[PDB]
Structures are given as structure tokens and as C-alpha cells.
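What follows is a set of notes on a single structure, which appears directly below.
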Amino acid sequence: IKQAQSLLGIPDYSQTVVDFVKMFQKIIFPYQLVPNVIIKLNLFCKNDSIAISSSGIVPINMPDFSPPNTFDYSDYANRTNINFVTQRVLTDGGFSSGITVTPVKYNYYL
Amino acid sequence: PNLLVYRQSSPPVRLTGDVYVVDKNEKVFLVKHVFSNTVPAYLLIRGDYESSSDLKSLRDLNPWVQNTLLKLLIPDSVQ
Amino acid sequence: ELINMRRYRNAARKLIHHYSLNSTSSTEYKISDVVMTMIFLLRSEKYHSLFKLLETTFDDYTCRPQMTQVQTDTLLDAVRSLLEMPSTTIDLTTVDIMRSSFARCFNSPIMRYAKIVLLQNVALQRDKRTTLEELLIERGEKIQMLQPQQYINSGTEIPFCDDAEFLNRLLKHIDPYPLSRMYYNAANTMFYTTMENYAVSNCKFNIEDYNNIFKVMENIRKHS
Amino acid sequence: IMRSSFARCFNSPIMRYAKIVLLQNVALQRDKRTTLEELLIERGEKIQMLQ
Amino acid sequence: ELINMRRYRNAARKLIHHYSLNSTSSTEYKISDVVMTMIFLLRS
Amino acid sequence: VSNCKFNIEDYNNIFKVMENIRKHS
Amino acid sequence: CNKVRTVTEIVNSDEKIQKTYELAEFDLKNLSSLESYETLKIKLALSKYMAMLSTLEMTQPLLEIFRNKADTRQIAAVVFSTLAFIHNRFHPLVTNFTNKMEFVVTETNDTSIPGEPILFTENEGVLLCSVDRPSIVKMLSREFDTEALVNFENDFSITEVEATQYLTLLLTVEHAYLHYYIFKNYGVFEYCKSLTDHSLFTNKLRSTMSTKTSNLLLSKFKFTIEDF
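Protein chains in written order, with our numbering: chain A, 23 to 132; chain B, 2 to 80; chain C, 242 to 465; chain D, 26 to 76; chain E, 20 to 63; chain F, 2 to 26; chain G, 557 to 784.
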């Protein structure tokens, strides 16, 4: 919290922790995702939130749990695709190292 | 940190519009930028730059931007 | 199972680090180690590509094998996973050096006391051996073309930390390090880097002359 | 016989790429010979300052 | 396939004869022969 | 410890020898 | 003689002490003192270098800096600082440099001089510093052995695998500085010839008015290749 404050919060509010958390409470709902402040504020015990309508938060999860097997990752998990994209970005940027590419795998369900 | 390619300008580049300081020590600045399609966004540039007006505070952004900045700048080596 | 997978893993790790990365490690390696390593590669289906590459050189040891880009990518992935060093450059020179070393070893007879031969062998490009002056002139021509990158003109005195505590703490932290190990590592590292650059350059190195004469010159000038 | 022969063959080394041998035999080996005069002069400057 | 069983078995036999019999033939055997023999024995 | 090479058997030896020679006659 | 005999001349007597001593103990103590002093000098030099690099105000680790091909400013700064440090070591009176150095970083085999990484040149009265960053990365990333294998025969986050890299940078820049000094003290032809020999360092580098005494970070230990 102190690091976040120093980054952007100038003064020392009385309940500055509550201030941060409500300042992100204002946005929790409409964008349908956890504010990373809450995530860092917390293995497993994964937290979520709700609305009166049926929908989770972290992936926009259904009220049951993380789906077991929804769809294959053939076009992404293959080493060829990740290597091609890595080489493309490295060539475009002029880098030699320091760039990591990860397939979009944390896709529970759209 | 590598993606923030530190541009080297002599003299420092003047900028127009709102400017926000991120890492004054490391010259990380946030600048409003809008594509012709009026898709508002901010560019996290790093280098030698100066504004033509006072540099507004970081704590006056739409909290979405603030959460993005929090996830970006602060190292996450601790868990 | 009937195979000590862990021990053979360790042996293969050590031998590949010895040949490819050519790390400072330098100990006697016996036929046991190579046999264990080959068995380890054959066992792992992931490493069948490496196994086939090594096997190919048994008959002809004088060529780089022809592969495909995808094969090269998979080979790099297998080697990187084995070595568990993603933060290193192992693109192509590493593989060529490994092939050359294994070509030498497999096509070498049995010896009582080692061979101790430099890894300057089986260079690529099939180019005629070139001299230092020719290649140096040719490459300097490219170097001297254009493109500087920073113009530091006035020159500020080289900065020095004025705090003694910042120095005493560093002395305390660095003192336990044995000096001999540091010197040996640095020297071997410079040697290996020079060897690899020279081998890729496809020229004729001075085995025990250029580095040796350089050392001799330093010792003589400092002493007499 | 098979045991002994396989044994002796396995115990043999294979190959190494050489390395750098570090000796620094008998350290300095009388490279520097210092006299009492200059050493005393330098040290006497140190002690004569203060304390 | 990935293995030449015939060549590997032939090399294994030759090396075993050389060892056990102490073959008088002046034909030194490459270490690759030993590795090939070991692989052939393991597969069999 | 000073790493200098003193007079092997001159300076100390001259000290003792002068001391003893003047001790005689 | 192997041993030295001391006899006390007692006035007006016959009884004497005849004590024999060896030079071996004195030689051993001399060698121990000399080795300790040399070790202290080496560690002091390394500490100075590390402190200077720390004062450079750089956020990232050294090897990480040398891996960032995207920016060459940091690499040029580090190389310039190290060269200035070597110049200070040889000639403590003078610190800075009269001329300006243009730094160029090269990332291909064609630029790579076969063996001498830090190519030092000058054109039209201005010094030029050519660098092979890939070779530097390769040397800095060879998994330096840390196990205790003496083999002498005849708070802070600084591990051995880091001090080793700092020393390696010192050594490489040292060879570069020797070649540059040869270039400066003589003609371009001399520098070109020396590049292919390394056998002309014996000109005046010994203890002289123009070349002062120094450990040079390489006389601390004799070394050689064990080829036949």
C-alpha cells in the first residue's frame, strides 16, 4: 500500500487502505475483473466477487468452478508458433534478449 | 524494463498536452495520446522530454488506468 | 526400474556442459560417462533428435547434417530443456561444436591417458583456411565504415565512491572468495571465447603460441 | 575376462579440450629486491604524521 | 528405423570376440563400437 | 617481513665485530 | 649455504654458543607476506572497480546490461569507465582523456575480430571504440565453476559468479588498453603488427619512468597451456 501511495497517492489519508480499495471498488463491476490491488492484498484460496446476475469475476466464471477441458490449445501451445512470434517481435524491436512470450492459455471460457 | 527503450534526445524533446511523471529518477513519463479514431489512450514513454505546461498529478486518472499502472510499474518479485 | 535415470541425467548434464557450453568445469571423463549419456538420450523420446544426430556422425564425421527449420527449433528446445539454461545463446555454434567434439570422440580409439586436443576441428562453410591479416583487414573494412553511437567530448574524471564504509563492506563480502578460482575462471573463459570466435572464423589458430607468447610477454615485462 | 576387459576399457578417459594451467611457482622468486633505505623512508613518512 | 540392428549386433559380436579371445588382429576398435554394443545389448 | 635483503653478515656482524674489537686492547 | 651458523664472541672466555639456523623459515615467511600483500592489492583494485561501477547510477545487473542490445549507451559508459580506470592505474596523476571517443557496438560475426574483442581504433584524430557485445555475453555466461578446486599446484548481492565476471571484464579491457598504449606510443604500423603477435609488449612496459610498476592484474599468477 505504501508503494502504491508513493507511486500516486500524495497525502496520508486516515483510512488510505480503504481509500485505495474503494477507489477500485468503483471499477470492479463494469469491467468485470478483479483489481490487482486485491490480488496482491491476498496458494489457492482464489478470491472472487459477485453481482445479482449470475457471473463470476476472475475469468467471468460460471458459479460452479474452473472448467476441466473446454477447448484445445493446438494453435498456441506448439513451440513453433511461440518461437515464430518471439522472432518476429525481436526482429521488429531490435532486441537481443529480455523479452518473453507466453501463449494465451488462461482462457477458462469466453 | 527493456521495453521502455530510453530514447536519447539533445536537446530534450518538448511535448504538448497533459504530461504525468512516473519515475522522475528514471525519466518515465505518461502522455495523453489519441488516435484519429478518437480512441483515448496513454503512451508510457521513457527518455528525454519536457512539457509546455505544468505536469498534472498521477492521482487524477480513470481508476482503470491506475490499476494498469500498478500492475505494470511495481516489481512483482515478492510472493 | 532397471535404469538409474537420475545418475545418467547427471552424467549427461555434466558432459554436455563440458562440450557445448565449455564451462570452466574440467575433469577426467571416462567411457562410462559417454555410454550413460547416449543411453540417457536414447531413452528420452524428446531427445531422439539429438540421439539421431550423434549416431549419424559415426559413419561420416566430416559434415554438418542437413535439417529443417522446425527440426532445428525442436533440437534447440530439447537442448535448452536438458541444460535448464534458457538464459544463454545456444543457437547454432553450440550444436556444431558438439557435433565436432562427438565426431572426434566416437571416431577416436582407446587411450590410456586422455588426448587433450583443442576443439579447433571440423569447421563449417568449407572455406579455405584463412590468415589473421586477411580476415582482419576484410572485417576492419566493414568496421571502419560508419555508425558511431555516442559523442562524449569533454571528459569527466573517472568517478570514485568517497564513502569508506561502502568499500569496507565490499571488502568483507568479497574477501571469502578464493582468488585462484576467480583468476582460473576468468582466464579459461577468455580462452574459450577466443577459441570459439576463431573456430567460427575458419582460420588457423596458434595453439600454444599467441596466448602463450602473450602470457610470456606479460611475465617477462613485469619481472625483468 | 569379459568383466576385467570391460572394466579396464570403461576406466579409461575419453577426451578433454585442454585448459589453462596455473602455477605461479615459488611466488615472486626474488623478482623484487628491496633495500632498507627506500622502504624505511616510505614507512617513516607514515609514522611521522600523527598519533 | 532409427536403429541398424544388424550392424550393431555385428559390432557387438566383433568386440566381444576381440575382448574374450584377445584377438590378434591389429584392428583397433572405436569407442563408438563400445557405445553401439551397449545399445544393442540394452535393446535385446 | 619487510621483504628486504639485509646485510647477510656485514651490518650485524660489523656491529658485533666493532663492539668486540674495541673491547680488546 | 643451506644453513647459517652464529657464534657469540665473548670477551675473556672460551665457552661459546654455536647456534645454526636455516634460511628456509625466513624464505617461507617472506613468501607468505608477499602473497598476502599481493592478494590485498588485487582485492583493493577489484573493490575500487566495483565501487566506481556502482557510482555509475545503473539500476540493472551488469550481465543484464550487457544483454540489452537495444540500448548501447550503458555499454559505452561501462567500457569508457573501465578504460579510464586502467589509465588511472598506470598513470595516477592523469585521470580524464584529452580526446573524445566514439563508441560503436557490433552484433555480427563480420565485425567480430577473431579473438580480440575490444577493438581500439582511431580515425582523423579521434579515438574509436569498437565492441563485440555477443562475445562479451558469451564469455560472461559460461557458468563459471564455483566448486573448491584449488589446482594451484606448483546485505549485498554479489556472488562469486559475479566477481568473476567483473574480473574478466577487467582482464579483457586490460588487454585492450595494452594494445591501445602500443598504438599511442608508436605508429599505426606498430599497432597493426602487434595485433597479430602480442610479442611487442616488451618495449618499455617494464619498470621505467614512462611505464611505472603495477601488478597489471595478470602477474599475480603465472599460467600457461599444457599442450605438448
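Note that beta-carbon positions come from the ideal geometry of N, C-alpha and C, so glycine has one too.
Check whether the Cβ of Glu680/G lies closer than 8 Å to any Cβ atom in chain F. Taking 8 Å as the CB threshold, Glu680/G stays off the interface with chain F.
Output the distance between the C-alpha atoms of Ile573/G and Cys557/G, rounded to the nearest integer angstrom. Taking the straight line joining both Cα atoms gives about 20 Å.
Taking 7 Å as the limit between beta carbons, can you name the residues of its chain near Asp97/A, skipping five residues before and five after? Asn103
DSSP beta-bridge partners of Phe757/G: None, per the DSSP bridge assignment.
Out of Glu730/G, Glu571/G and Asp701/G, point me to the one whose CA is closest to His643/G's CA. Closest option to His643/G, Cα to Cα, is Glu730/G.
Closer than 8 Å, CB to CB, is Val22/B near chain G or not? Taking a beta-carbon distance threshold of 8 Å, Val22/B does not count as an interface residue toward chain G.
is_contact[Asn665/G, chain A] using C-beta, thresh 8 Å: Not closer than 8 Å to any Cβ of chain A, the Cβ of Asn665/G fails to qualify, so no.
Would you kindly check if the distance between the Cβ of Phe700/G and the Cβ of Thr677/G is under 8 Å? no
Between the Cα of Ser88/A and the Cα atoms of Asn129/A, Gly116/A, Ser76/A and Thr38/A, which residue gives the shortest distance? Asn129/A
Cβ-based burial, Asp114/A [other Cβ within 10 Å; buried from 16]: Exposed, because fewer than 16 other Cβ atoms sit within 10 Å of the Cβ of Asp114/A.
Any alpha helix (DSSP H) of 4 or more consecutive residues that is wholly inside the region 724 to 774 of chain G: 744 to 751
Rounded C-alpha distance that separates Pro389/C from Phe659/G: 6 Å
In the DSSP assignment, find the alpha helix (DSSP H) that holds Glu658/G and state where it starts and stops. That residue, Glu658/G, is in no alpha helix (DSSP H); its beta strand (DSSP E) goes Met657 to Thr662.
Residue closest to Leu21/E, alpha-carbon to alpha-carbon, out of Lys293/C, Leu323/C, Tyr392/C and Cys444/C: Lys293/C
Between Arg645/G and chain B, is any beta-carbon pair separated by less than 8 Å? no
Residue(s) in a DSSP beta bridge with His34/B: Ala42/B
Distance, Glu746/G Cα to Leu56/B Cα: Each residue's alpha carbon lies about 58 Å from the other.
Starting from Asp318/C, trace the alpha helix (DSSP H) in both directions and tell me its first and last residue. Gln310 to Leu324
Where are the alpha helix (DSSP H) runs, 4 residues long or more, that stay fully inside the region 407 to 463 of chain C, in chain order? Within the region 407 to 463 of chain C, the complete alpha helix (DSSP H) runs of at least 4 residues fall at 420 to 442.
Let me know the secondary structure DSSP gives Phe35/D once reduced to three states. helix
Mind checking who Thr576/G pairs with in its DSSP beta bridge? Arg561/G
Name the chain F residues that come within less than 7 Å of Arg58/D, Cβ to Cβ? From the beta-carbon of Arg58/D, the residues of chain F found nearer than 7 Å are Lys6.
Under DSSP, the alpha helix (DSSP H) around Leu377/C begins and ends at which residues? Here the alpha helix (DSSP H) through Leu377/C covers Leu373 to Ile384.
For the region 289 to 316 of chain C, which residues have a CB atom closer than 8 Å to at least one CB atom of chain A, in sequence order? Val311, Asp314 and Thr315
Looking only at its chain, what residues have a beta carbon closer than 8 Å to the beta carbon of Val661/G, apart from the 5 residues adjacent to it on each side? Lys625, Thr628, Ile631, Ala632, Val687 and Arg689
Check whether the Cβ of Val59/A lies closer than 8 Å to any Cβ atom in chain J. Looking at the structure shown, chain J is missing, and the protein chains on hand are A, B, C, D, E, F and G.
Residues from the region 318 to 348 of chain C in contact with chain A, defined by Cβ distance under 8 Å: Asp318 and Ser328
Quick one: is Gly31/A near chain G, going by C-beta distance under 8 Å? no
What are the residues in the region 37 to 56 of chain A lying within 7 Å of chain B by C-beta distance? Residues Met45, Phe46, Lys48, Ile49 and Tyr53.
Measure from the C-beta of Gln80/B to each C-beta in chain G and report whether the shortest distance is under 8 Å. No, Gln80/B does not count as interfacial toward chain G.
Would you identify the three-state DSSP class for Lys24/A, choosing helix, strand or coil? helix
How would you label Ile461/C, buried or exposed, when you count the other beta carbons within 10 angstroms and need 16 or more for buried? exposed
From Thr39/B, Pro13/B, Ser52/B and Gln80/B, pick the residue whose C-alpha is nearest to that of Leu31/B; which is it? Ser52/B
Using the Cα positions of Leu773/G and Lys57/D, report the straight-line distance between them to the nearest angstrom. Going by the C-alpha atoms only, they are around 17 Å apart.
With 16 other CB atoms within 10 Å as the buried threshold, where does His735/G fall? buried
Determine the direct distance from the alpha carbon of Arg247/C to that of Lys287/C, and round the result to whole angstroms. 16 Å
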